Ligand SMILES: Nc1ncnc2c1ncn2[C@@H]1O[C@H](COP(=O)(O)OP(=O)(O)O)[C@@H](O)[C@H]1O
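Only one chain comes next, encoded as structure tokens, the form solved without this ligand.
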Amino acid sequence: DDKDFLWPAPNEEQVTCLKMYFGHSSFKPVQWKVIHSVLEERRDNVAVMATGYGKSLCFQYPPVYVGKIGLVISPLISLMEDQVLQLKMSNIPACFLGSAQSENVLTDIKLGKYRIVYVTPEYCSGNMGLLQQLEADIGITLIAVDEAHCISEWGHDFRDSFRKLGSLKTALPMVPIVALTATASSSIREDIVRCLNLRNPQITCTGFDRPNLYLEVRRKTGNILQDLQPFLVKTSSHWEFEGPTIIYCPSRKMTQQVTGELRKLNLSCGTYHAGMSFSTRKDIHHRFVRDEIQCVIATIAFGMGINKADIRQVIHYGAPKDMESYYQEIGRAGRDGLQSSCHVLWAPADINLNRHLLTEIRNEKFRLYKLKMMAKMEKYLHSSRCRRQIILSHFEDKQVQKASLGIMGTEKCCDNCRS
């Protein structure tokens, strides 16, 4: 089941509701990440989706399941009308609220007859008083701002109508905003977060094929120089990686061991883990961005807010924590769009394939969740099937796989496609 790899597990009624109103059996990890964070954590989201495949469920499902109201702010008039119609046909009361439509629907919206109200930024700008009445009388499950990049003066498609959506978090400080956009740009994501006044927002990014990322899994010997010598070059009587490199290790001890071996080659490298100070980490982080140090030997702590476009190589030195961590970490490779490589150097020895520490966990559902993820992680590494297929099938909507067939079964896809 998909639900075996979701935390927390969707309850029977959440599944029932999904089948009845949307006609789906399962939530994809990103959808569930966004939906659960809206429902339980009431948490602001920036959800980047290259396309609209699986997009609508993220903002439509929560108000429908709680039976309250969801606001969808968008300038894409015709697509809002199409979704308003598909909702109506699914027995989900929905309307396009605008100045012309007001006389017809506004009383029914104030009375709580609608699950999902689509508005323009222009109309929402003029009616902050209304939304507060809906929050007071009904309770707003979420505000979805689509084409959220239009709030950025620095993007390709600016709209003055998005300026005033900065007020939403003043009018409705307890209501979560789900910002949606097709751009993976780090600076546009920064602009969206600032302009919409989002508070510690959840960042997801899906719909992308990432053809420039190559996937390989090889057995590690354990010996650190033998394992990593294939990744090094000899130039100017010294040693270095091909380009900017992150080596992710399962423990704080391994980051010290791996660095200590690369130190013996005078390789431009630096360590990052929890135990180090924030000044030395901000040095390591700033030296990486300015290309002063070529490698960062990292625990899971190094990752969020790197925003470095030209990471050429990610090495998992040891089996990843799980497919979730693995996905987040390799996704940091090749954000410039240029050819990068993602190699896992794994052994069954590795603590992240060691089932004993899950036989410790006395909380049954959480133990049995952790076992399934450790099992899913082993099944990926043990696989002789296409690695790109496994990761897209797990995390991405089934559309993304159709587009990525080109790269798949070719030299540049993965070790298993090279046959």
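The first residue of the sequence shown is number 1, and the count goes up from there.
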Of 377-385 and 42-50, the one with larger mean CA B-factor: 377-385
Mean C-alpha temperature factor, higher of 401-409 and 9-17: 401-409
Criterion, highest CA B-factor; candidates, 282, 194, 88, 169: 282
Selection from 84, 296, 198, 178 [criterion: highest C-alpha temperature factor in the record]: 296
Entry-reported Cα temperature factor of residue 27, expressed as the chain third it lands in: middle
Chain-relative CA temperature factor third for residue 339: middle
Chain third (lowest, middle, highest) by recorded CA B-factor, residue given as residue 136: middle
B-factor third for the C-alpha atom of residue 369 within its chain: middle
Residue 157 - which third its CA temperature factor falls in, relative to the rest of the chain: middle
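The same protein also has a form solved in complex with this ligand, omitted here; what follows describes it.
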Pocket open vs blocked [this ligand transferred in the deposited complex by site C-alpha superposition; 2.4 Å, backbone or C-beta, 3 atoms]: blocked
Among 329-337, 93-101, 124-132, 227-235, the region lying within 4.5 Å of this ligand in the deposited complex by heavy atom distance: 329-337
Non-hydrogen atom within 4.5 angstroms of this ligand in the deposited complex for each of 287, 295 and 312: no
is_contact(residue 62, this ligand) in the deposited complex, heavy atom dist at most 4.5 Å: no
Residue 31: touches this ligand in the deposited complex, heavy atom cutoff 4.5 angstroms: yes
Exercise: residue 361 in contact with this ligand in the deposited complex, heavy atom 4.5 Å: no
Touches this ligand in the deposited complex: residue 53 (any heavy atom, 4.5 Å): yes
In the deposited complex: members of 15-45 within 4.5 Å of this ligand, any heavy atom: 24, 26, 27, 28, 31
Closer or farther in the deposited complex, the Cα atoms of residue 94 and residue 50, when the shift from this form is 3 Å or more: closer
Distance direction in the deposited complex for the C-alpha atoms of residue 182 and residue 327, relative to the displayed form (3 angstroms or more): closer
